[PDB]
$ cat my_file39.pdb   # PDB, C-alpha atoms (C1' of nucleotides) and all ligand atoms
MODEL        1
ATOM      1  CA  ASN P   1      17.624 -35.333  40.692  1.00  0.00           C
ATOM      2  CA  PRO P   2      19.409 -34.436  43.961  1.00  0.00           C
ATOM      3  CA  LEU P   3      22.644 -35.512  42.320  1.00  0.00           C
ATOM      4  CA  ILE P   4      21.607 -33.508  39.255  1.00  0.00           C
ATOM      5  CA  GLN P   5      21.147 -30.344  41.303  1.00  0.00           C
ATOM      6  CA  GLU P   6      24.426 -30.941  43.137  1.00  0.00           C
ATOM      7  CA  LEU P   7      26.282 -31.233  39.841  1.00  0.00           C
ATOM      8  CA  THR P   8      24.616 -28.299  38.107  1.00  0.00           C
ATOM      9  CA  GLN P   9      24.764 -25.901  41.077  1.00  0.00           C
ATOM     10  CA  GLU P  10      28.163 -24.565  40.013  1.00  0.00           C
ATOM     11  CA  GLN P  11      27.112 -23.798  36.439  1.00  0.00           C
ATOM     12  CA  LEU P  12      23.937 -22.179  37.713  1.00  0.00           C
ATOM     13  CA  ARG P  13      24.097 -18.399  37.647  1.00  0.00           C
ATOM     14  CA  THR P  14      23.222 -15.620  40.075  1.00  0.00           C
ATOM     15  CA  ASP P  15      23.355 -12.332  38.139  1.00  0.00           C
ATOM     16  CA  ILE P  16      19.752 -13.005  37.049  1.00  0.00           C
ATOM     17  CA  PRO P  17      16.920 -10.806  38.366  1.00  0.00           C
ATOM     18  CA  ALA P  18      13.580 -12.318  39.312  1.00  0.00           C
ATOM     19  CA  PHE P  19      11.727 -11.400  36.141  1.00  0.00           C
ATOM     20  CA  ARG P  20       8.494 -12.902  34.856  1.00  0.00           C
ATOM     21  CA  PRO P  21       6.341 -13.310  31.786  1.00  0.00           C
ATOM     22  CA  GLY P  22       4.858  -9.980  30.743  1.00  0.00           C
ATOM     23  CA  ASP P  23       7.853  -7.796  31.552  1.00  0.00           C
ATOM     24  CA  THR P  24      10.093  -6.149  28.985  1.00  0.00           C
ATOM     25  CA  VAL P  25      13.742  -7.099  29.077  1.00  0.00           C
ATOM     26  CA  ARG P  26      16.904  -6.323  27.147  1.00  0.00           C
ATOM     27  CA  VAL P  27      19.356  -9.178  26.599  1.00  0.00           C
ATOM     28  CA  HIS P  28      23.010  -8.338  26.004  1.00  0.00           C
ATOM     29  CA  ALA P  29      23.416 -11.334  23.732  1.00  0.00           C
ATOM     30  CA  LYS P  30      27.009 -11.901  22.640  1.00  0.00           C
ATOM     31  CA  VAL P  31      27.589 -13.582  19.280  1.00  0.00           C
ATOM     32  CA  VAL P  32      30.815 -15.249  18.210  1.00  0.00           C
ATOM     33  CA  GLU P  33      32.405 -15.154  14.753  1.00  0.00           C
ATOM     34  CA  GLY P  34      35.659 -16.853  15.789  1.00  0.00           C
ATOM     35  CA  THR P  35      37.584 -13.663  14.943  1.00  0.00           C
ATOM     36  CA  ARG P  36      35.422 -11.181  16.872  1.00  0.00           C
ATOM     37  CA  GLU P  37      32.846 -11.173  19.663  1.00  0.00           C
ATOM     38  CA  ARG P  38      29.971  -8.696  19.427  1.00  0.00           C
ATOM     39  CA  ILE P  39      27.294  -7.951  21.975  1.00  0.00           C
ATOM     40  CA  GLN P  40      23.938  -6.869  20.620  1.00  0.00           C
ATOM     41  CA  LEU P  41      20.879  -5.825  22.579  1.00  0.00           C
ATOM     42  CA  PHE P  42      17.737  -7.861  21.919  1.00  0.00           C
ATOM     43  CA  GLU P  43      14.805  -6.152  23.619  1.00  0.00           C
ATOM     44  CA  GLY P  44      11.415  -7.721  23.984  1.00  0.00           C
ATOM     45  CA  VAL P  45       8.552  -8.902  26.094  1.00  0.00           C
ATOM     46  CA  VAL P  46       8.816 -12.229  27.875  1.00  0.00           C
ATOM     47  CA  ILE P  47       6.162 -14.740  26.846  1.00  0.00           C
ATOM     48  CA  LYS P  48       7.413 -17.633  28.942  1.00  0.00           C
ATOM     49  CA  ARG P  49       9.932 -18.895  31.376  1.00  0.00           C
ATOM     50  CA  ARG P  50       9.930 -22.662  31.710  1.00  0.00           C
ATOM     51  CA  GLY P  51      12.063 -25.364  33.246  1.00  0.00           C
ATOM     52  CA  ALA P  52      13.850 -26.258  36.438  1.00  0.00           C
ATOM     53  CA  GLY P  53      17.273 -25.210  37.633  1.00  0.00           C
ATOM     54  CA  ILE P  54      19.600 -25.339  34.654  1.00  0.00           C
ATOM     55  CA  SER P  55      16.979 -26.512  32.163  1.00  0.00           C
ATOM     56  CA  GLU P  56      15.326 -23.106  32.585  1.00  0.00           C
ATOM     57  CA  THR P  57      14.752 -21.296  29.315  1.00  0.00           C
ATOM     58  CA  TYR P  58      12.879 -18.126  28.522  1.00  0.00           C
ATOM     59  CA  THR P  59      11.613 -16.603  25.302  1.00  0.00           C
ATOM     60  CA  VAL P  60      11.557 -12.958  24.270  1.00  0.00           C
ATOM     61  CA  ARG P  61       9.302 -11.523  21.569  1.00  0.00           C
ATOM     62  CA  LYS P  62      10.029  -8.496  19.420  1.00  0.00           C
ATOM     63  CA  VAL P  63       8.557  -6.787  16.361  1.00  0.00           C
ATOM     64  CA  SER P  64      11.520  -5.509  14.366  1.00  0.00           C
ATOM     65  CA  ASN P  65      10.129  -4.424  10.994  1.00  0.00           C
ATOM     66  CA  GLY P  66       6.580  -5.731  11.073  1.00  0.00           C
ATOM     67  CA  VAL P  67       7.859  -9.303  11.468  1.00  0.00           C
ATOM     68  CA  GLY P  68       7.274 -10.834  14.870  1.00  0.00           C
ATOM     69  CA  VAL P  69      10.485 -12.442  16.119  1.00  0.00           C
ATOM     70  CA  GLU P  70      10.765 -14.799  19.074  1.00  0.00           C
ATOM     71  CA  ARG P  71      14.109 -15.674  20.637  1.00  0.00           C
ATOM     72  CA  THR P  72      14.624 -18.314  23.329  1.00  0.00           C
ATOM     73  CA  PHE P  73      17.676 -18.349  25.578  1.00  0.00           C
ATOM     74  CA  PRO P  74      18.786 -20.632  28.379  1.00  0.00           C
ATOM     75  CA  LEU P  75      18.818 -18.634  31.566  1.00  0.00           C
ATOM     76  CA  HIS P  76      22.296 -19.691  32.700  1.00  0.00           C
ATOM     77  CA  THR P  77      24.496 -19.043  29.688  1.00  0.00           C
ATOM     78  CA  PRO P  78      27.926 -17.406  29.748  1.00  0.00           C
ATOM     79  CA  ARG P  79      26.971 -16.008  26.323  1.00  0.00           C
ATOM     80  CA  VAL P  80      24.414 -13.627  27.849  1.00  0.00           C
ATOM     81  CA  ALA P  81      26.272 -10.992  29.815  1.00  0.00           C
ATOM     82  CA  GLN P  82      23.325  -9.030  31.197  1.00  0.00           C
ATOM     83  CA  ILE P  83      19.541  -9.174  31.426  1.00  0.00           C
ATOM     84  CA  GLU P  84      18.095  -5.693  32.056  1.00  0.00           C
ATOM     85  CA  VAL P  85      14.454  -5.544  33.102  1.00  0.00           C
ATOM     86  CA  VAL P  86      12.943  -2.249  31.915  1.00  0.00           C
ATOM     87  CA  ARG P  87       9.218  -2.556  32.620  1.00  0.00           C
ATOM     88  CA  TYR P  88       7.207  -4.688  35.039  1.00  0.00           C
ATOM     89  CA  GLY P  89       4.115  -5.522  33.043  1.00  0.00           C
ATOM     90  CA  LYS P  90       0.931  -6.944  34.528  1.00  0.00           C
ATOM     91  CA  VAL P  91      -0.682 -10.078  33.116  1.00  0.00           C
ATOM     92  CA  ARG P  92      -3.042 -12.710  34.507  1.00  0.00           C
ATOM     93  CA  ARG P  93      -1.040 -15.463  32.773  1.00  0.00           C
ATOM     94  CA  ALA P  94       2.301 -17.222  32.618  1.00  0.00           C
ATOM     95  CA  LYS P  95       2.286 -18.159  28.925  1.00  0.00           C
ATOM     96  CA  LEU P  96       1.516 -15.179  26.691  1.00  0.00           C
ATOM     97  CA  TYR P  97       1.063 -17.200  23.512  1.00  0.00           C
ATOM     98  CA  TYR P  98      -1.917 -14.997  22.599  1.00  0.00           C
ATOM     99  CA  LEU P  99       0.609 -12.312  21.622  1.00  0.00           C
ATOM    100  CA  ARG P 100       1.615 -14.205  18.486  1.00  0.00           C
ATOM    101  CA  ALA P 101      -1.732 -13.428  16.844  1.00  0.00           C
ATOM    102  CA  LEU P 102      -1.873  -9.747  17.823  1.00  0.00           C
ATOM    103  CA  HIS P 103      -0.025  -6.780  16.345  1.00  0.00           C
ATOM    104  CA  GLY P 104       0.795  -3.534  18.098  1.00  0.00           C
ATOM    105  CA  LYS P 105      -1.865  -1.533  19.907  1.00  0.00           C
ATOM    106  CA  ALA P 106      -3.513  -4.743  21.142  1.00  0.00           C
ATOM    107  CA  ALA P 107      -0.184  -6.427  21.999  1.00  0.00           C
ATOM    108  CA  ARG P 108       0.653  -3.745  24.575  1.00  0.00           C
ATOM    109  CA  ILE P 109       1.356  -4.766  28.160  1.00  0.00           C
ATOM    110  CA  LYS P 110       0.156  -2.594  31.023  1.00  0.00           C
ATOM    111  CA  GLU P 111       3.050  -1.377  33.141  1.00  0.00           C
ATOM    112  CA  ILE P 112       2.799  -1.349  36.920  1.00  0.00           C
ATOM    113  CA  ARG P 113       5.776   0.678  38.244  1.00  0.00           C
ATOM    114  CA  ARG P 114       6.233  -2.274  40.644  1.00  0.00           C
TER     115      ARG P 114
ATOM    116  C1'   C W   1     -33.844  -6.653 -91.566  1.00  0.00           C
ATOM    117  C1'   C W   2     -29.738  -3.130 -92.576  1.00  0.00           C
ATOM    118  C1'   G W   3     -27.950   1.772 -93.562  1.00  0.00           C
ATOM    119  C1'   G W   4     -28.486   7.001 -94.266  1.00  0.00           C
ATOM    120  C1'   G W   5     -30.853  12.127 -93.804  1.00  0.00           C
ATOM    121  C1'   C W   6     -34.086  15.673 -91.105  1.00  0.00           C
ATOM    122  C1'   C W   7     -37.178  17.192 -86.564  1.00  0.00           C
ATOM    123  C1'   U W   8     -38.376  16.000 -81.464  1.00  0.00           C
ATOM    124  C1'   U W   9     -37.510  13.429 -77.022  1.00  0.00           C
ATOM    125  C1'   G W  10     -34.606  10.830 -72.524  1.00  0.00           C
ATOM    126  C1'   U W  11     -29.581   9.914 -71.031  1.00  0.00           C
ATOM    127  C1'   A W  12     -25.322   8.743 -65.210  1.00  0.00           C
ATOM    128  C1'   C W  13     -22.432   8.183 -72.786  1.00  0.00           C
ATOM    129  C1'   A W  14     -18.159  12.064 -74.807  1.00  0.00           C
ATOM    130  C1'   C W  15     -11.527   7.489 -78.315  1.00  0.00           C
ATOM    131  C1'   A W  16     -19.017   9.003 -77.635  1.00  0.00           C
ATOM    132  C1'   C W  17     -23.812   1.820 -76.739  1.00  0.00           C
ATOM    133  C1'   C W  18     -17.879  -2.013 -79.692  1.00  0.00           C
ATOM    134  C1'   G W  19     -20.076   3.506 -74.221  1.00  0.00           C
ATOM    135  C1'   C W  20     -20.755   3.496 -69.076  1.00  0.00           C
ATOM    136  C1'   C W  21     -21.389   0.347 -65.007  1.00  0.00           C
ATOM    137  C1'   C W  22     -23.597  -2.757 -59.935  1.00  0.00           C
ATOM    138  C1'   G W  23     -22.655  -6.744 -56.698  1.00  0.00           C
ATOM    139  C1'   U W  24     -20.402 -11.555 -54.974  1.00  0.00           C
ATOM    140  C1'   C W  25     -15.997 -14.525 -55.217  1.00  0.00           C
ATOM    141  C1'   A W  26     -10.188 -15.463 -55.801  1.00  0.00           C
ATOM    142  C1'   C W  27      -5.139 -12.809 -54.525  1.00  0.00           C
ATOM    143  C1'   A W  28      -2.220  -9.023 -51.694  1.00  0.00           C
ATOM    144  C1'   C W  29      -2.048  -4.964 -48.338  1.00  0.00           C
ATOM    145  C1'   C W  30      -3.961  -1.366 -44.756  1.00  0.00           C
ATOM    146  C1'   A W  31      -7.089   0.474 -40.825  1.00  0.00           C
ATOM    147  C1'   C W  32     -11.091  -0.456 -37.577  1.00  0.00           C
ATOM    148  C1'   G W  33     -14.782  -3.148 -34.804  1.00  0.00           C
ATOM    149  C1'   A W  34     -16.691  -7.642 -31.743  1.00  0.00           C
ATOM    150  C1'   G W  35     -14.243 -11.221 -28.925  1.00  0.00           C
ATOM    151  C1'   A W  36     -13.010 -16.518 -24.244  1.00  0.00           C
ATOM    152  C1'   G W  37     -10.236 -13.584 -21.574  1.00  0.00           C
ATOM    153  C1'   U W  38      -5.184 -11.644 -19.931  1.00  0.00           C
ATOM    154  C1'   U W  39      -2.561  -7.259 -18.299  1.00  0.00           C
ATOM    155  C1'   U W  40      -1.671  -2.233 -16.650  1.00  0.00           C
ATOM    156  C1'   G W  41      -3.365   2.388 -14.626  1.00  0.00           C
ATOM    157  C1'   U W  42      -6.544   6.125 -12.231  1.00  0.00           C
ATOM    158  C1'   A W  43     -10.049   7.709  -8.831  1.00  0.00           C
ATOM    159  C1'   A W  44     -13.251   7.114  -4.934  1.00  0.00           C
ATOM    160  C1'   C W  45     -15.816   4.022  -1.305  1.00  0.00           C
ATOM    161  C1'   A W  46     -16.352   0.065   3.242  1.00  0.00           C
ATOM    162  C1'   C W  47     -13.510  -2.173   6.964  1.00  0.00           C
ATOM    163  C1'   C W  48      -8.644  -3.508   9.446  1.00  0.00           C
ATOM    164  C1'   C W  49      -3.951  -1.794  11.127  1.00  0.00           C
ATOM    165  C1'   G W  50      -1.588   2.652  12.158  1.00  0.00           C
ATOM    166  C1'   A W  51       4.287   5.622  12.108  1.00  0.00           C
ATOM    167  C1'   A W  52       5.844  10.497  13.204  1.00  0.00           C
ATOM    168  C1'   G W  53       3.512  14.937  14.853  1.00  0.00           C
ATOM    169  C1'   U W  54       0.023  18.744  17.132  1.00  0.00           C
ATOM    170  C1'   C W  55      -3.775  18.728  20.769  1.00  0.00           C
ATOM    171  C1'   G W  56      -6.126  16.725  25.403  1.00  0.00           C
ATOM    172  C1'   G W  57      -5.713  13.822  29.859  1.00  0.00           C
ATOM    173  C1'   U W  58      -2.282  11.493  33.397  1.00  0.00           C
ATOM    174  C1'   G W  59       2.655  11.320  35.176  1.00  0.00           C
ATOM    175  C1'   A W  60       4.172   7.163  42.932  1.00  0.00           C
ATOM    176  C1'   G W  61       9.697   7.900  37.951  1.00  0.00           C
ATOM    177  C1'   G W  62      13.512  12.007  36.892  1.00  0.00           C
ATOM    178  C1'   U W  63      14.264  17.697  37.786  1.00  0.00           C
ATOM    179  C1'   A W  64      20.204  23.703  38.060  1.00  0.00           C
ATOM    180  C1'   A W  65      16.624  28.702  38.043  1.00  0.00           C
ATOM    181  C1'   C W  66      10.908  29.858  41.557  1.00  0.00           C
ATOM    182  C1'   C W  67       8.684  29.810  47.218  1.00  0.00           C
ATOM    183  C1'   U W  68       9.912  27.108  51.672  1.00  0.00           C
ATOM    184  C1'   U W  69      12.501  25.278  55.603  1.00  0.00           C
ATOM    185  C1'   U W  70      18.157  26.270  53.909  1.00  0.00           C
ATOM    186  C1'   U W  71      19.297  20.067  57.208  1.00  0.00           C
ATOM    187  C1'   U W  72      13.701  19.440  53.131  1.00  0.00           C
ATOM    188  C1'   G W  73       8.855  19.884  50.948  1.00  0.00           C
ATOM    189  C1'   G W  74       5.838  22.318  47.412  1.00  0.00           C
ATOM    190  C1'   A W  75       4.614  24.857  42.488  1.00  0.00           C
ATOM    191  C1'   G W  76       6.186  24.180  37.670  1.00  0.00           C
ATOM    192  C1'   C W  77       8.845  21.187  33.981  1.00  0.00           C
ATOM    193  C1'   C W  78      10.480  16.644  31.538  1.00  0.00           C
ATOM    194  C1'   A W  79      10.928  11.356  30.418  1.00  0.00           C
ATOM    195  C1'   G W  80       7.091   7.957  29.973  1.00  0.00           C
ATOM    196  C1'   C W  81       1.877   6.291  29.384  1.00  0.00           C
ATOM    197  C1'   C W  82      -3.067   6.775  27.498  1.00  0.00           C
TER     198        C W  82
HETATM  199 MG    MG P 201     -23.556  -3.098 -74.098  1.00  0.00          MG
HETATM  200 MG    MG P 202      -9.908  -5.321 -30.854  1.00  0.00          MG
ENDMDL
END
$ encode --input "my_file39.pdb" --output "structure tokens"
Amino acid sequence: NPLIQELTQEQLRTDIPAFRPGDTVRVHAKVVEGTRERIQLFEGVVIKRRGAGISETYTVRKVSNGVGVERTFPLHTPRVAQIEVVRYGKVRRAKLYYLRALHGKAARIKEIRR
RNA sequence: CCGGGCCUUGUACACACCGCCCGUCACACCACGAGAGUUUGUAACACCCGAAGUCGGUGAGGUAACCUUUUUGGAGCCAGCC
């Protein structure tokens, strides 16, 4: 594990803010077609971060057209150019898996301003 | 017994009782009903969820007009939230 950290330190990334579960975040996710490269903004609430160092992943939930969507990303990708936090929600949890069963007015996170 | 004539009478008969005519069945057609159910539609009702929008309450964030010091603070407004 020390060797692991020493190896993976260079591919670790530092443009990340210290965001949490509960807080809304936009991901500038770039997708690749081979001929073009398009960034698209996936906004959503963060249900979980999990992992250590470079195995750290986080998921982001959205409700596009009445269909709950849930998109996991590794934290340290070159294919995610920016991670904009836009609300600092308050929760008493780390894993917000209760949000999968709710819809809308009950699935609302209480913003803090901090 | 048959036939004929005269009166009268009843009749749903009038090529006039060798008349008329009821009902079932067979055949063909038509329309309708009931029917295990199946399929559409309307209109409400009881709950759940709930867009936009008005209204109400908040608004430590943002804010050229107003008052203030002018060096900034306020009033008000807005985003946003409920
Ligand atoms: Mg006879
Ligand atoms: Mg019928």
$ resolve_selection --input "my_file39.pdb" --expression "the PyMOL selection byres ((chain W) within 9 of (chain P and not hetatm))" --output "PDB file with C-alpha atoms (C1' of nucleotides), in the coordinates of the input"
ATOM      1  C1'   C W  49      -3.951  -1.794  11.127  1.00  0.00           C
ATOM      2  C1'   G W  50      -1.588   2.652  12.158  1.00  0.00           C
ATOM      3  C1'   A W  60       4.172   7.163  42.932  1.00  0.00           C
ATOM      4  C1'   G W  61       9.697   7.900  37.951  1.00  0.00           C
ATOM      5  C1'   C W  81       1.877   6.291  29.384  1.00  0.00           C
TER       6        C W  81
END
$ residues_near_ligand --input "my_file39.pdb" --ligand "ligand MG 201 (chain P)" --cutoff "10 Å" --atoms "all atoms listed in the file" --output "PDB file with C-alpha atoms (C1' of nucleotides), in the coordinates of the input"
ATOM      1  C1'   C W  17     -23.812   1.820 -76.739  1.00  0.00           C
ATOM      2  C1'   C W  18     -17.879  -2.013 -79.692  1.00  0.00           C
ATOM      3  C1'   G W  19     -20.076   3.506 -74.221  1.00  0.00           C
ATOM      4  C1'   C W  20     -20.755   3.496 -69.076  1.00  0.00           C
ATOM      5  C1'   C W  21     -21.389   0.347 -65.007  1.00  0.00           C
TER       6        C W  21
END
$ closest_residue --input "my_file39.pdb" --among "P:11, P:40, P:64, P:57" --to "residue 78 in chain P" --atoms "only C-alpha atoms"
P:11
$ closest_atom_pairs --input "my_file39.pdb" --of "chain W" --to "ligand MG 202 (chain P)" --cutoff "8 Å" --atoms "only C-alpha atoms (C1' of nucleotides) and all ligand atoms" --output "tab-separated table"
residue	atom	partner	partner_atom	distance
W:33	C1'	P:MG202	MG	6.6
W:34	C1'	P:MG202	MG	7.2
W:35	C1'	P:MG202	MG	7.6
$ residues_near_point --input "my_file39.pdb" --point "(12.7, -30.2, 35.4)" --cutoff "12 Å" --atoms "all atoms listed in the file" --output "list in words"
residues 1, 2, 4, 5, 50, 51, 52, 53, 54, 55, 56 and 57 of chain P
$ resolve_selection --input "my_file39.pdb" --expression "the PyMOL selection byres (((chain P and resi 27-31) around 6) and not hetatm)" --output "VMD selection string"
chain P and resid 26 32 37 to 42 79 to 83
$ resolve_selection --input "my_file39.pdb" --expression "the PyMOL selection byres (((chain P and resi 86) around 12) and not hetatm)" --output "PyMOL selection string"
(chain P and resi 17+19-20+22-27+43-46+83-85+87-89+111-114) or (chain W and resi 80)
$ atom_distance --input "my_file39.pdb" --atom1 "CA of residue 59 in chain P" --atom2 "CA of residue 36 in chain P"
25.8 Å
$ build_atoms --input "my_file39.pdb" --residues "range 61-95 of chain P" --atoms "N, CA and C atoms" --output "compact mmCIF listing (two decimals), keeping the file's coordinate frame"
# COMPACT_ATOMS: atom_id res chain seq x y z
N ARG P 61 9.93 -11.88 22.83
CA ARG P 61 9.30 -11.52 21.57
C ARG P 61 9.55 -10.06 21.24
N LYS P 62 9.70 -9.80 19.95
CA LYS P 62 10.03 -8.50 19.42
C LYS P 62 9.28 -8.34 18.11
N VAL P 63 9.12 -7.09 17.67
CA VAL P 63 8.56 -6.79 16.36
C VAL P 63 9.52 -5.81 15.71
N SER P 64 10.46 -6.33 14.92
CA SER P 64 11.52 -5.51 14.37
C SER P 64 11.00 -4.58 13.28
N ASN P 65 10.52 -5.16 12.19
CA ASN P 65 10.13 -4.42 10.99
C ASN P 65 8.81 -4.98 10.47
N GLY P 66 7.85 -5.12 11.38
CA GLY P 66 6.58 -5.73 11.07
C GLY P 66 6.58 -7.24 11.13
N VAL P 67 7.73 -7.86 11.37
CA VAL P 67 7.86 -9.30 11.47
C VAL P 67 8.07 -9.65 12.93
N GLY P 68 7.11 -10.36 13.51
CA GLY P 68 7.27 -10.83 14.87
C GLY P 68 8.39 -11.85 14.96
N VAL P 69 9.33 -11.60 15.86
CA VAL P 69 10.48 -12.44 16.12
C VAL P 69 10.38 -12.94 17.55
N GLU P 70 10.93 -14.12 17.79
CA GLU P 70 10.76 -14.80 19.07
C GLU P 70 12.04 -15.59 19.34
N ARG P 71 12.75 -15.21 20.39
CA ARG P 71 14.11 -15.67 20.64
C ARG P 71 14.16 -16.31 22.02
N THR P 72 14.46 -17.60 22.07
CA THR P 72 14.62 -18.31 23.33
C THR P 72 16.09 -18.36 23.69
N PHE P 73 16.36 -18.22 24.99
CA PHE P 73 17.68 -18.35 25.58
C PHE P 73 17.60 -19.27 26.79
N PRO P 74 18.63 -20.08 27.04
CA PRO P 74 18.79 -20.63 28.38
C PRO P 74 19.13 -19.53 29.36
N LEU P 75 18.66 -19.69 30.59
CA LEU P 75 18.82 -18.63 31.57
C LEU P 75 20.25 -18.51 32.06
N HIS P 76 21.03 -19.58 31.99
CA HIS P 76 22.30 -19.69 32.70
C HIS P 76 23.49 -19.74 31.76
N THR P 77 23.42 -19.00 30.66
CA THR P 77 24.50 -19.04 29.69
C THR P 77 25.63 -18.10 30.08
N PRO P 78 26.88 -18.43 29.73
CA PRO P 78 27.93 -17.41 29.75
C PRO P 78 27.86 -16.47 28.56
N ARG P 79 27.12 -16.83 27.51
CA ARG P 79 26.97 -16.01 26.32
C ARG P 79 25.78 -15.06 26.41
N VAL P 80 25.36 -14.71 27.62
CA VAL P 80 24.41 -13.63 27.85
C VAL P 80 24.93 -12.84 29.04
N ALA P 81 25.51 -11.68 28.78
CA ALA P 81 26.27 -10.99 29.82
C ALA P 81 25.38 -10.21 30.77
N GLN P 82 24.19 -9.81 30.33
CA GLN P 82 23.32 -9.03 31.20
C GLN P 82 21.89 -9.11 30.70
N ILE P 83 20.97 -9.04 31.66
CA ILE P 83 19.54 -9.17 31.43
C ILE P 83 18.88 -8.02 32.17
N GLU P 84 18.62 -6.92 31.46
CA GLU P 84 18.10 -5.69 32.06
C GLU P 84 16.58 -5.67 31.94
N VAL P 85 15.89 -5.75 33.07
CA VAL P 85 14.45 -5.54 33.10
C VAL P 85 14.19 -4.05 33.00
N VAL P 86 13.18 -3.66 32.21
CA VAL P 86 12.94 -2.25 31.92
C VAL P 86 11.48 -1.85 32.09
N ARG P 87 10.59 -2.82 32.21
CA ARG P 87 9.22 -2.56 32.62
C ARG P 87 8.73 -3.78 33.36
N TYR P 88 7.85 -3.59 34.33
CA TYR P 88 7.21 -4.69 35.04
C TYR P 88 5.74 -4.71 34.62
N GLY P 89 5.47 -5.41 33.53
CA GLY P 89 4.12 -5.52 33.04
C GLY P 89 3.25 -6.41 33.91
N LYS P 90 1.94 -6.17 33.82
CA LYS P 90 0.93 -6.94 34.53
C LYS P 90 0.21 -7.85 33.54
N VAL P 91 0.16 -9.15 33.85
CA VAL P 91 -0.68 -10.08 33.12
C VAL P 91 -1.27 -11.05 34.12
N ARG P 92 -2.38 -11.68 33.73
CA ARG P 92 -3.04 -12.71 34.51
C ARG P 92 -2.61 -14.11 34.08
N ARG P 93 -1.47 -14.23 33.40
CA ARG P 93 -1.04 -15.46 32.77
C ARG P 93 0.44 -15.67 33.03
N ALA P 94 0.89 -16.87 32.69
CA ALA P 94 2.30 -17.22 32.62
C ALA P 94 2.79 -17.39 31.19
N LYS P 95 1.98 -17.99 30.34
CA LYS P 95 2.29 -18.16 28.92
C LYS P 95 1.46 -17.17 28.13
